[PDB]
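**Q** One structure is given below, represented as structure tokens, and several questions about it will come after.
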Amino acid sequence: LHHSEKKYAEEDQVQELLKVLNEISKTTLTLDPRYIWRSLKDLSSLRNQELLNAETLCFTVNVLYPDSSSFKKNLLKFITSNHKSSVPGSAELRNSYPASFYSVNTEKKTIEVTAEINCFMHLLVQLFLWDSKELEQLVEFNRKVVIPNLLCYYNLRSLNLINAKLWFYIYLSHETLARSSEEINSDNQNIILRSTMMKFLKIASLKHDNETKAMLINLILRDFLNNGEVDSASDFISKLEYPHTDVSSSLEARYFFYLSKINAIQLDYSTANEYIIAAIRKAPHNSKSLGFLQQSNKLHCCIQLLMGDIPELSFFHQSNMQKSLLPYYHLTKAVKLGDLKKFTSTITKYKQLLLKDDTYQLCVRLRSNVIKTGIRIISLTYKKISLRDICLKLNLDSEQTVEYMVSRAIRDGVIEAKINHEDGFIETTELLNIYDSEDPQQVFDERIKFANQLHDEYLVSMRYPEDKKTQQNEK
Amino acid sequence: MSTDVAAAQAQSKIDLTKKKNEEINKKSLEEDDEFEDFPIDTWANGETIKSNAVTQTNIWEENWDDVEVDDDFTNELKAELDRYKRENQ
Amino acid sequence: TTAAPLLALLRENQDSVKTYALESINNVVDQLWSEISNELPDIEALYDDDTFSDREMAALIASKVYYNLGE
Amino acid sequence: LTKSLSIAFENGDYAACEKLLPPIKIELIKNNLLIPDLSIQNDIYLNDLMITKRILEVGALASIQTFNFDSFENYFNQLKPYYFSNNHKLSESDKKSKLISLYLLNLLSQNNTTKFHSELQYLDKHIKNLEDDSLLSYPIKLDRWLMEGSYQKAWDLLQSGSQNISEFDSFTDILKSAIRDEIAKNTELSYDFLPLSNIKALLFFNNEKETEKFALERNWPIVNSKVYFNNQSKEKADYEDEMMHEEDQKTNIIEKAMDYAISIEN
Numbered sequence: 018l019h020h021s022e023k024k025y026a027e028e029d030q031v032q033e034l035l036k037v038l039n040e041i042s043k044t045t046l047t048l049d050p051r052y053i054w055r056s057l058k059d060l061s062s063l064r065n066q067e068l069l070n071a072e073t074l075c076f077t078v079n080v081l082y083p084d085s086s087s088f089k090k091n092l093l094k095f096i097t098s099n100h101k102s103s104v105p106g107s108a109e110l111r112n113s114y115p116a117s118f119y120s121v122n123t124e125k126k127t128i129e130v131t132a133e134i135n136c137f138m139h140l141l142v143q144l145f146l147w148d149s150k151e152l153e154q155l156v157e158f159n160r161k162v163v164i165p166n167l168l169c170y171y172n173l174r175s176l177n178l179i180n181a182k183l184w185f186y187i188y189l190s191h192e193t194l195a196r197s198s199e200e201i202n203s204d205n206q207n208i209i210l211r212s213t214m215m216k217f218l219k220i221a222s223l224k225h226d227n228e229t230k231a232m233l234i235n236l237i238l239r240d241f242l243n244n245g246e247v248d249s250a251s252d253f254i255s256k257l258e259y260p261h262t263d264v265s266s267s268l269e270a271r272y273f274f275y276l277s278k279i280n281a282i283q284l285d286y287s288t289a290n291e292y293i294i295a296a297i298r299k300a301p302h303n304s305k306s307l308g309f310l311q312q313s314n315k316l317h318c319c320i321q322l323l324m325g326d327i328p329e330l331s332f333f334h335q336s337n338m339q340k341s342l343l344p345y346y347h348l349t350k351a352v353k354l355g356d357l358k359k360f361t362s363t364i365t366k367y368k369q370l371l372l373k374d375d376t377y378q379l380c381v382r383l384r385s386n387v388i389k390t391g392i393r394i395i396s397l398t399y400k401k402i403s404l405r406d407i408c409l410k411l412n413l414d415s416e417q418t419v420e421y422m423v424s425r426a427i428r429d430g431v432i433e434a435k436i437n438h439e440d441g442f443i444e445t446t447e448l449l450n451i452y453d454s455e456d457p458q459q460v461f462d463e464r465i466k467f468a469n470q471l472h473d474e475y476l477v478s479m480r481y482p483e484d485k486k487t488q489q490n491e492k
Numbered sequence: 001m002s003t004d005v006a007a008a009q010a011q012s013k014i015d016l017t018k019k020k021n022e023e024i025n026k027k028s029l030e031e032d033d034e035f036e037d038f039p040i041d042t043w044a045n046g047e048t049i050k051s052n053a054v055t056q057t058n059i060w061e062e063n064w065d066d067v068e069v070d071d072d073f074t075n076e077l078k079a080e081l082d083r084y085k086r087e088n089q
Numbered sequence: 004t005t006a007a008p009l010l011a012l013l014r015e016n017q018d019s020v021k022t023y024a025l026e027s028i029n030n031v032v033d034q035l036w037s038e039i040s041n042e043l044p045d046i047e048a049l050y051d052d053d054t055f056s057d058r059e060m061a062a063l064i065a066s067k068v069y070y071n072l073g074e
Numbered sequence: 007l008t009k010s011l012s013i014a015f016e017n018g019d020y021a022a023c024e025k026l027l028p029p030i031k032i033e034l035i036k037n038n039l040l041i042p043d044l045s046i047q048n049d050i051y052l053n054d055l056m057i058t059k060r061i062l063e064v065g066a067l068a069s070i071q072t073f074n075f076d077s078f079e080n081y082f083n084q085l086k087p088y089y090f091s092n093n094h095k096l097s098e099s100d101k102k103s104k105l106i107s108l109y110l111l112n113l114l115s116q117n118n119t120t121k122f123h124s125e126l127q128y129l130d131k132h133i134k135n136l137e138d139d140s141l142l143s144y145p146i147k148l149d150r151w152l153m154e155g156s157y158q159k160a161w162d163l164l165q166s167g168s169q170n171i172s173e174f175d176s177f178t179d180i181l182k183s184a185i186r187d188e189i190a191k192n193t194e195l196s197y198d199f200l201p202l203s204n205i206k207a208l209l210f211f212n213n214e215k216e217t218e219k220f221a222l223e224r225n226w227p228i229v230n231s232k233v234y235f236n237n238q239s240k241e242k243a244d245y246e247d248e249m250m251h252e253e254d255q256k257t258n259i260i261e262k263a264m265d266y267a268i269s270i271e272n
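Here you go:
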């Protein structure tokens, strides 16, 4: 039974990796060798879990380790010891061939290329403990494995690719503990965590490895959102250094979603709104980004209101879910009529939800924009309307009270109007015909420049598949 | 799912065993599903019918005065009589 | 946590705190550099006065910041 | 010494506080050398930290009165993550509450409304959710009325805030001056001209010497007894045309075609 099944499972696992180690070491082609690991990770874990998870322990011994072994063993003990079930000759075979790891490198130990193999192994254990959930010490154990692998195996571009997944889970495990509760461990370790990833980022610049740089960036940015120390997130995005050469489409969404949040709290809602539409365009979706995509819709609606021009009632019906967008449909409506009471009732009601989504801060400003967008329907509908008539409609104190609200909005550009005090009415300014002005020449300029860029790009990408195939083993 | 729907996101960048792991990384860094935060938390779901083609998530197009009640039958009825009162005063 | 304690020490007008600011900053020049860049002008100011012995320190620190950005 | 600073604040003599600051800042170094500055916390650490923070608390209020904004901003940056960490580890004072609230008003008058909105996020997780109000409503409400665009509501709260003390009296004067510069910007686009009695009512002033001084700062002749907002608009446009940053933003039609032509022939 056990002795056979684990035997065959350990030796298969080593062989699949050894090939993608070889694959990456032959020129540069970053994306494709990587993709092999992403499809593999998902499958390797499920196979290890059936037939007892000490199938990972055979693999763990069949790598040269710095201190992975102790951490893995502890789990086996806990669900009742499985170290007599996975035993040598079936958990330790270097053989005399490489397909359970090369014999010549293992004995010599200074030529060994175990590195990337080793990185894929660690990841498997961290994932199982991540599912189960363990915190505090779980962060410490992960953190203790990961740093040694930078330091016993020499760094390459190739090394940074696969240890880019290692970084994600340390960083992630610390943020979830941080939002659970503050703790003596969390305050102190936050300092190390923030700094060490910033230290790899310039080294990634030196490497010229674009995949690596993006993943470190996204992780720093996220911590600032979680604890609200966005006074930093602002300084972080003064600089730009995010690449787009070897950066995946899935990642490009990631940058733009968070960037959209920072722009909203410098009170520039123009380029916030730009990057949230943008974020969806880069983003793929299937079912595995379903949580992210739901929040993408929610954030867009908050931004559109901040600018002072309502989204439609149809806008949420024509979204293909409204099944968590039910609070922000209510928000479009409440700003829209110019009604203050409706805004109070919903914000209290959905207080826990707003707090979680980092949309509660924007709703202190959106209390303010109830009246500011209240004006926007009335001045639009009626070209000329007295000061006194608008006091009717929005139940405002004084005629003078009207003038103040509208004057702010038109510096921010929301109304596009002018108040006349000698004839006692507000006259909504025209847009005219802009066909006889030089405005369409600006729009075209955007279009022309993007299209020229596509013709040049395609010619480069004729060549790229041809290289990939030539390298590839016969078909 | 807002301006730029879920269909264009599956047809442009094709769902592959290659891409799913990356998408998992998007969801996890944000932290959890927020599709499933609302029906557990609130014990409610979205909009429901009121006459059909007015509300409820559908491929049916809707009105922009959907939320506004139909008292319009009354208002035209009152408009005639009130108009005779003013003219014939 | 941010570099906000580190930046504050430079701005303080007592000469003993200005010397002290660079002793702390010097350690974390390579680790935080996207939060120590507000008061990089405070560090270029100290070079100009010859009444500081921390001309040396001010340049040493200053050069390194530019490379971390990737200039 | 650290102690003398604290009793000088309660005596009510802030000139006294002010003149103990130059020795105080040298011992504040010694206090920093005691602690490892948040990288390991102990219980002996908090007895050393009480000596550290004390300086910052007293020092910070006293700077508001004495017009030492750089030092108030300095003492705030040091002090703040101490309170934030562990939900308080103690690291707590009654004086804590006054500093958060006065610090929000400080940004607002400088027109770091950008920073105001950032700074808020931090404090909401910190104490707004957990200890409710530290007199945080006072800044947040002014912000709302500027963004709403009603300057009556906001001016009214400043008038009342100088009939109250929490040291809001020391920041109302500043936020009076700050509001006045903001409405001039709005009112260029709104009006083409106004009576001198109307500009007087709107930008809030108690003399016509103030209203015309304010007008001629914004380069609007006060001739005919009417203002003339359009006059400043002309001169801003000329300033821009002299620079070479405005000429290529427009992009001329000779430039657009030639740059269009060389991409194709490349």
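Chains as they are written, first to last, in the entry's author numbering: chain S, 18 to 492; chain Y, 1 to 89; chain N, 4 to 74; chain T, 7 to 272.
Just so it is clear, CB atoms sit at the ideal spot from N, CA and C, and this is done for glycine as well.
1) How would you list, in chain order, the residues of chain T whose beta-carbon sits under 7 Å from the beta-carbon of residue 542 (chain S)?
2) Using a Cβ distance threshold of 8 Å, determine whether the stretch 225–244 of chain S contacts the stretch 270–277 of chain S, with at least three qualifying pairs required.
3) Once DSSP output is grouped into helix, strand and coil, what is the label at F90 (chain T)?
4) If I measure Cβ to Cβ from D33 (chain Y) and keep anything under 8 Å in the same chain, skipping five residues before and after, which residues do I get?
5) Specify, as a first and last residue, the run of the alpha helix (DSSP H) that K89 (chain S) falls within.
6) For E241 (chain T) and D198 (chain T), I'd like the C-alpha separation in whole angstroms.
7) Using a Cβ-Cβ cutoff of 9 Å, what residues of the stretch 179–212 of chain S are near chain T? List them in chain order.
8) Is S362 (chain S) close to chain Y? Criterion is C-beta to C-beta, closer than 9 Å.
9) Short of 8 Å in beta carbon distance, which residues of its chain neighbour residue 87 (chain N), apart from the five on each side in sequence? Order them along the chain.
10) Residues of chain N with CB under 9 Å from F253 (chain S), in chain order?
11) Please state whether DSSP places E248 (chain T) in a helix, a strand or coil.
12) Give the straight-line distance between the Cα atoms of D326 (chain S) and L409 (chain S), rounded to the nearest whole angstrom.
13) Less than 9 Å between the C-beta atoms of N192 (chain T) and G155 (chain T), yes or no?
14) Of all the residues that make up the stretch 9–20 of chain N, which are near chain T by a beta-carbon distance shorter than 8 Å?
15) So, with DSSP's three-state summary, where would you put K435 (chain S)?
16) Measuring only between beta-carbons, confirm whether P87 (chain T) sits less than 9 Å from chain N.
17) My output table needs one value for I254 (chain S): the three-state DSSP class, helix, strand or coil.
18) Determine the contact status of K104 (chain T) and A7 (chain N), defining contact as a CB-CB distance below 9 Å.
19) So, for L48 (chain S): in the same chain, excluding its five sequence neighbours on each side, which residues have a beta-carbon less than 7 Å away from its beta-carbon?
20) For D248 (chain S), would you say it is in contact with chain N, using Cβ-to-Cβ distances shorter than 9 Å as the test?
21) Can you pull the chain N neighbours of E228 (chain S), defined as C-beta to C-beta under 9 Å?
22) Given that a residue counts as buried once 16 or more other Cβ atoms are within 10 Å of its Cβ, and exposed if not, what is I39 (chain N)?
23) Under a three-way DSSP split, which group does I402 (chain S) fall into?
24) Out of S:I394, S:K359, S:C318, S:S362, which has the shortest C-alpha to C-alpha gap to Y345 (chain S)?
25) For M215 (chain S) and chain N, any beta-carbon pair shorter than 9 Å?
26) Does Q458 (chain S) come within less than 9 Å of chain T when only Cβ atoms are used?
27) Nearest by alpha-carbon distance to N159 (chain S): which of S:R480, S:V142, S:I432, S:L168 is it?
28) Within the chosen definition, does the stretch 128–144 of chain S reach the stretch 166–178 of chain S through at least 3 CB pairs nearer than 8 Å?
29) Enumerate in chain order the residues of its own chain whose CB-to-CB distance from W226 (chain T) is below 7 Å, with the five nearest sequence positions on each side excluded.
30) Kindly indicate if chain N contains any beta-carbon less than 9 Å away from that of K256 (chain S).
31) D130 (chain T) versus chain N: which residues are under 8 Å apart at the beta carbon?
32) Would you call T229 (chain S) buried or exposed, if buried means 16 or more other Cβ atoms sit within 10 Å of its Cβ?
33) Are at least three pairs of beta-carbons, each pair with one atom in the stretch 67–84 of chain S and one in the stretch 22–42 of chain S, less than 8 Å apart?
34) Quick one: which residues of the stretch 148–171 of chain T get their C-beta closer than 7 Å to a C-beta of chain S? List them in chain order.
35) How do the stretch 15–26 of chain T and the stretch 65–72 of chain T stand: do at least 3 beta-carbon pairs fall below 8 Å, yes or no?
36) So, helix, strand or coil for residue 4 (chain T), using DSSP?
**A** Straight from the coordinates:
1) Only positions 18 to 492 of chain S appear in this structure, which leaves residue 542 (chain S) out of reach.
2) yes
3) helix
4) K27
5) 85–95
6) 15 Å
7) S198, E199, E200, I201, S203, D204, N205, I208, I209
8) no
9) It is not possible to answer for residue 87 (chain N), since the shown part of chain N is limited to 4 through 74.
10) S37, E38
11) helix
12) 22 Å
13) yes
14) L10, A11, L12, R14, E15, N16, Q17, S19, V20
15) strand
16) The C-beta of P87 (chain T) comes closer than 9 Å to at least one C-beta of chain N.
17) coil
18) no
19) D263
20) yes
21) Residues of chain N passing the Cβ test: none, with the nearest at roughly 17 Å.
22) buried
23) Strand.
24) S:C318
25) yes
26) For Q458 (chain S), at least one C-beta of chain T is nearer than 9 Å to its own C-beta.
27) S:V142
28) yes
29) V233, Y234, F235, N237, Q238
30) yes
31) Those within 8 Å of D130 (chain T) in chain N number zero; the least Cβ separation is about 17 Å.
32) buried
33) The stretch 67–84 of chain S makes contact with the stretch 22–42 of chain S, as at least three CB pairs between them are under 8 Å.
34) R150, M153, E154, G155, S156, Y157, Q158
35) yes
36) In the structure displayed, chain T extends from 7 to 272; residue 4 (chain T) sits before or after that span and is not available.
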